[PDB]
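Reading through the C-alpha cells given below for one structure.
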Amino acid sequence: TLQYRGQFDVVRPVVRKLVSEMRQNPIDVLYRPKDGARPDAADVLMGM
Amino acid sequence: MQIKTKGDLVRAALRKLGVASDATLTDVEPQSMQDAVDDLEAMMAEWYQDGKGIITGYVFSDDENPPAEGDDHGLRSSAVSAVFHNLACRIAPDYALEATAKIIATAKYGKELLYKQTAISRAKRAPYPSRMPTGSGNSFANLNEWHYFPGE
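Each protein sequence line maps, in turn, to chains c and y. All residue numbers for the first sequence refer to the authors' numbering, where the first residue is 50 and numbers rise by one. All residue numbers for the second sequence refer to the authors' numbering, where the first residue is 1 and numbers rise by one.
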C-alpha cells in the first residue's frame, strides 16, 4: 500500500536551540605555564 | 446435488408448497410447469440485475435450445435451497395459495445468505482523494508526493 505518513517535527527546534547555544560560546585551548617555570613559557606554543 | 435443472427447482418448489410431488396421486400439467420455469427465469433476471445484482452463477436459457426446462441451472450447491424457496413463494399465488411462514422465513434467510459474500466483496474503500499528499514518510527516498500507488 502507501497510506499517509506525515512528519510533524517537534524535536528539531530543540536540536537547533541546543546547537545555537553551544555555538554562541566558542571554546579553544589555552596554554598556561607550569608552576616554577618562566612566566612566559607558553607564549610560543600558544602563538603557534 | 440431486437438483440439477430448472425443472428440478420447479418440482422442489411445488413439493414444498404441497401442490405436487413424487408421492401425490395428481400432478401439474406441463404447461403449468413451463409457466413456473418462466417465473423462475423472470425472478432470476430481476435478481441478477444485468450484473449489478445478486451473483449466483445462474445460466440463462436461450431460445434456440428449445426446452428451458432441463437446462442446468448452474447454481452452486449452497444456492439451491434459497432459489427454490423463493420460487415457491413467487408461484404460490397461481394456485390460490399463500406460502407458509416457514417458507417465507427460509426464503428471506436464503436471499440474505446468497448476497452475503457479494456484499463483503463490494464493501471496498475508494482510493485517496485528488488533493491529498502522501506525507514526508513516503515522499523521502523516491520523491513521490502525490501518487498513492494503487498497487495494493
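For every residue, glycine included, the Cβ atom is placed at its ideal position computed from N, Cα and C.
Checklist entry - Name the DSSP beta bridge partners of residue 5 of chain y, please? => result Sequence index remark: in the second sequence, residue 5 of chain y carries index 5 (1-based). When beta bridges are read from the DSSP output, residue 5 of chain y appears opposite y/72.
Next on the checklist: For chain c, check one thing: does any of its Cβ atoms lie closer than 9 angstroms to the Cβ of residue 152 of chain y?
Outcome noted: Residue 152 of chain y sits at position 152 when you count from the first residue of the second sequence. Chain c, which has a Cβ nearer than 9 angstroms to the Cβ of residue 152 of chain y, makes this yes.
Checklist entry - Would residue 145 of chain y be called buried (16 or more neighbouring beta carbons within 10 Å of its own) or exposed? => result Your numbering for residue 145 of chain y matches position 145 in the second sequence. The residue is exposed, with fewer than 16 neighbouring Cβ atoms inside 10 Å.
Checklist entry - Distance, Cα to Cα, residue 63 of chain c vs residue 72 of chain c? => result In the first sequence, the residue the question calls residue 63 of chain c occupies position 14. In the first sequence, the residue the question calls residue 72 of chain c occupies position 23. Answer to the nearest angstrom: the Cα atoms are 14 angstroms apart.
Checklist entry - Which of helix, strand or coil does DSSP assign to residue 120 of chain y? => result Mapped onto the second sequence, residue 120 of chain y falls at position 120. Of the three classes helix, strand and coil, the one that applies to residue 120 of chain y here is helix, per DSSP.
Checklist entry - Can you list, in chain order, the residues of its chain whose CB lies under 7 angstroms from that of residue 12 of chain y, leaving out five sequence neighbours each side? => result Reading the second sequence from its first residue, position 12 is the one you call residue 12 of chain y. Sequence-distant partners of residue 12 of chain y (beyond 5 residues in either direction) whose C-beta falls short of 7 angstroms from its own C-beta, in its chain, are 3, 84.
Checklist entry - Whose C-alpha, out of y/129, y/47, y/17, is nearest the C-alpha of residue 112 of chain y? => result Numbered from its first residue, the second sequence carries residue 112 of chain y at position 112. Minimum Cα distance to residue 112 of chain y is reached at y/47.
Next on the checklist: Under 9 angstroms, CB to CB, which of the residues in the stretch 122 to 142 of chain y have a partner in chain c?
Outcome noted: Cβ contacts with chain c come from 128, 132, 133, 134, 135, 136, 137, 138, 139, 140.
Next on the checklist: Tell me which residues share the same chain as residue 88 of chain y and place their Cβ nearer than 7 angstroms to its Cβ, disregarding the 5 neighbours each side in the sequence.
Outcome noted: In the second sequence, counting from the first residue as 1, residue 88 of chain y sits at position 88. So the qualifying residues of the chain are 13, 16, 17, 99, 103.
Next on the checklist: At 4 residues or longer, what runs of the alpha helix (DSSP H) sit wholly inside the stretch 72 to 152 of chain y?
Outcome noted: You should have 80 to 91, 101 to 122, 135 to 142.
Checklist entry - Exposed or buried, what is residue 83 of chain c when buried is set at 16 or more other beta-carbons lying within 10 Å of its beta-carbon? => result Position 34 of the first sequence holds residue 83 of chain c. Exposed is the call here.
Checklist entry - Which residue from c/88, c/79, c/86, c/85 puts its Cα closest to that of residue 96 of chain c? => result Along the first sequence, one-based indexing puts residue 96 of chain c at 47. Checking every option, the nearest Cα to that of residue 96 of chain c belongs to c/79.
Item to check | Interface residues of chain y facing residue 54 of chain c [CB-CB closer than 9 angstroms] | outcome: The count along the first sequence starts at 1 and reaches residue 54 of chain c at position 5. Within chain y, the residues near residue 54 of chain c are 134, 135, 136, 137, 138, 139.
Item to check | Any C-beta of chain c under 9 angstroms from that of residue 73 of chain y | outcome: Here the question's residue 73 of chain y lines up with position 73 in the second sequence. Nearest CB-CB separation between residue 73 of chain y and chain c: not below the 9 angstroms threshold.
Checklist entry - Distance, Cα to Cα, residue 50 of chain y vs residue 61 of chain c? => result The count along the second sequence starts at 1 and reaches residue 50 of chain y at position 50. The count along the first sequence starts at 1 and reaches residue 61 of chain c at position 12. If you draw a straight line from the Cα of residue 50 of chain y to the Cα of residue 61 of chain c, it is about 59 angstroms long.
Item to check | Within chain y, the residues that residue 51 of chain c reaches when beta carbons sit closer than 7 angstroms | outcome: Reading the first sequence from its first residue, position 2 is the one you call residue 51 of chain c. Within chain y, 134, 138, 148, 149 have C-beta atoms less than 7 angstroms from the C-beta of residue 51 of chain c, given in sequence order.
Checklist entry - Helix, strand or coil: how does DSSP classify residue 28 of chain y here? => result Taking the first residue of the second sequence as position 1, residue 28 of chain y is located at position 28. If DSSP states are grouped into helix, strand and coil, residue 28 of chain y belongs with coil.
Checklist entry - Helix, strand or coil: how does DSSP classify residue 10 of chain y here? => result As a working note, residue 10 of chain y is residue 10 in the second sequence. Secondary structure of residue 10 of chain y (DSSP, three-state): helix.
Checklist entry - Roughly how many whole angstroms lie between the Cα atoms of residue 136 of chain y and residue 123 of chain y? => result Numbered from 1 along the second sequence, position 136 holds the residue referred to as residue 136 of chain y. Numbered from 1 along the second sequence, position 123 holds the residue referred to as residue 123 of chain y. Looking at the two C-alpha atoms, the distance is approximately 30 angstroms.
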